[PDB]
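Chain identifiers are assigned alphabetically (A, B, ...) following the order of the sequence lines, protein sequences preceding nucleic acid strands; residue numbering begins at 1 within each chain.
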Amino acid sequence: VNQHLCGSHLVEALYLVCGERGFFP
Amino acid sequence: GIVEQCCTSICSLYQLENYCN
């Protein structure tokens with residue numbers, strides 16, 4: 001599998017792992 | 001920054017989590 005997280009994919013991953021707590025760039 | 005660490009290269013959960021509020 002592709003393990004890189006770019007653009008939309010990165011945000012989604014951040015949403016997932018950081019939760020509704022949210023993420024800072 | 002995050003895209004260099006995670007997009008260009010591959011990051012782990014741990015590294016990713018370093019950018020959660």
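Of the two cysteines examined, A:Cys18 and B:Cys20, the SG atoms meet the criterion of being under 2.5 Å apart.
For A:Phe24 against B:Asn21, the heavy-atom pair with the smallest separation is CB-OD1, 3.1 Å.
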Test disulfide (SG to SG under 2.5 Å) on A:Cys6 and B:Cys7 and set out the steps.
-> CA-CA 5 Å; A:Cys6 307; B:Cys7 165; 2.0 Å; yes
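Between the OG atom in B:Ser9 and the NE2 atom in A:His4 there is a gap of 7.0 Å [rounded to 0.5 Å]. Going from atom CG of A:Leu14 over to atom CD1 of B:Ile2 covers 4.5 Å, rounded to the nearest 0.5 Å.
B:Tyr14 and B:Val3 fall into different hydrophobic clusters, where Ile, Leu, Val, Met, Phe, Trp and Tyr side chains are chained together by heavy-atom contacts under 4.5 Å.
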